[PDB]
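Bear in mind that the values in this text are calculations on the coordinates, not laboratory data. With ideal geometry, Cβ positions are generated from the backbone for all residues, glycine too; neighbour counts draw on all protein chains shown.
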Amino acid sequence: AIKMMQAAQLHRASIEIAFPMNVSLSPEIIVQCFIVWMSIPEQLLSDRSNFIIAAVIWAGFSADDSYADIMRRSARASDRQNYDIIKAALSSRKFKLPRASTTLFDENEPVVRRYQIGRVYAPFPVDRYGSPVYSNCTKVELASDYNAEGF
Amino acid sequence: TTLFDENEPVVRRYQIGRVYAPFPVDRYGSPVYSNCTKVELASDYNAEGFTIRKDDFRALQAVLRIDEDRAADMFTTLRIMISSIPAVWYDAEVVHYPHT
Amino acid sequence: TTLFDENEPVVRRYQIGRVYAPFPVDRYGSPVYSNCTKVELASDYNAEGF
Amino acid sequence: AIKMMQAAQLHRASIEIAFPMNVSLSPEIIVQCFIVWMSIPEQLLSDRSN
């Protein structure tokens, strides 16, 4: 909670995710990546972490490319660009994922102070009126099954 | 069978390469033959006796398939064995015959 | 299956409609098929054995 | 039976079959599919199941 609150203020202290060691595509990794994808706002994460999460998600849906073949896309493009490509692929006519996002928030209680005040990202994927905020599209629907290597 | 390029995230000092898989299973898990997945014969099989009918090869083929459940566990060993053997060793010659 | 409009006499305030039946019967013991009530095939059934 | 009756009433809540196969087939799957084809009316199943 403290780290997420800090990462929503400094504009440069985005969270960096440490993945498990020497275990690839374990069953728990997939579900944890899914939870991160559709529960943690995208603006609070680093580009590298977003790219890794997106790669793990897209590995099981691509017809041809595998997890290693996707991680090999590190060259020939940047991290943010690869993340954008994958996310656009996940909001097409064949696949649709929420990808919880967030927005700025600048409502405050007037009170006498001495210093300046600022705007902070909401570490909460919810909006002011209770409706969820999603980056691309809602009502998750997809015309295939998650086919990882063996999971 | 078909080659595989998958690997593991681990700190290693050498390059890795693709290997064949020790089973006919594809990434999807279906059997993978070379010509076609149908077994029909014009006549029977005879050779100094020992006659086989055309309706037994079909059953034998139908019983040799993989359980299709063990696909996940079967690939983990391949994954952890591909990414731990230096790729420059794949051209070595044999020195002890009984090992093959 | 087909649609049945049979209505029971009871006091109610709202209109009712037609529903499908959860069985292929048409109020007679004979069942209902879309195409024809015959089973003739050219050859046997074979798919990776079986 | 309850699910089938519900599918009969509402034409949007068609029954969606969940199968235990991924790529391969099995002797029980074929006979169960034939039983479904010859017994369960098509108006109570979704397009994917058909």
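Which net charge results for the neighbourhood of residue C:27, defined as the other residues with beta-carbon distances under 14 angstrom from its beta-carbon, given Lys and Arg at +1 and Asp and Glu at -1?
In short, -3.
Residues C:8, A:42, arranged from fewest to most other Cβ atoms within 10 angstrom of their Cβ, appear as C:8, A:42. Taking amide H positions as modeled 1.01 Å from N, with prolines and chain starts lacking one, the residues under 5 Å from residue A:120 and 5 or more places away or on another chain are A:105.
Evaluated at 20 °C with a viscosity of 1.002 mPa s, what Stokes-Einstein diffusion coefficient in µm²/s does the protein assembly as shown have when Rh comes from the Kirkwood expression over alpha-carbon pairs?
After rounding, the answer is 80 µm²/s.
Comparing B:13, B:58, B:70 in a Gaussian network model of chain B where C-alpha atoms under 10 Å apart are linked, the largest mean-square fluctuation is found at B:13.
For each of A:90, B:3, count neighbouring Cβ atoms within 10 Å of the residue's Cβ, then give the residues from fewest to most. It would help to have the intermediate numbers written out before the result.
Working: A:90 21, B:3 9.
The most exposed by this proxy come first: B:3, A:90.
Chain A: longest stretch without exposed trypsin sites (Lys or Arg not before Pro) (DSSP loop, at most 12 other Cβ within 10 Å), sites themselves excluded?
A:13-75
Rounded to the nearest 10 degrees, the angle from helix B:54-63 to the longest Cα principal axis of chain B is 30 degrees. Annotation: Cα Rg of chain C relative to the compact-globule expectation 2.2 N^0.38 Å equals 1.99.
Exposed loop chymotrypsin sites (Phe, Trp or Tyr not before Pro) only (DSSP loop, at most 16 other Cβ atoms within 10 Å): please give the longest stretch of chain B free of them, not including the sites.
So the longest stretch without any such site is B:51-100.
Taking A:69, A:79, A:127 in turn, the Gaussian network model of chain A (Cα-Cα springs below 10 Å) assigns the largest fluctuation to A:69. The mean count of C-beta atoms from other chains within 10 Å of the C-beta of residues in D:34-40, rounded to a whole number, is 2.
Measuring nothing but alpha carbons in chain A and taking Rh as the Kirkwood radius, the Rg to Rh ratio lands at 1.02. Under 5 Å between amide hydrogens, built in the peptide plane, is the criterion, and for residue A:134 it picks out A:101 among residues at least 5 positions away or on other chains. Across peptide C:16-26, the average count of Cβ atoms from other chains found within 10 Å of a residue's Cβ is 4. In the elastic network of chain B, a GNM with C-alpha springs shorter than 10 Å, the most mobile of B:37, B:51, B:76 is B:51.
Rounded to the nearest 10 degrees, the inclination of helix A:79-89 to the longest alpha-carbon principal axis of chain A is 70 degrees. The DSSP beta bridges internal to the protein assembly as shown are antiparallel in roughly 85% of cases. Residue by residue along B:6-17, Cβ atoms of other protein chains within 10 Å of the local Cβ number 3 on average.
The angle between the Cα long axis of helix A:27-39 and the main principal axis of chain A comes to about 40°, on a 0 to 90 degree scale. The distance linking region A:78-108 with region C:1-49 is 47 Å (Cα centroid to Cα centroid, whole angstrom). When only alpha carbons are used to place a centre, region B:51-100 and region A:115-151 end up 44 Å from one another.
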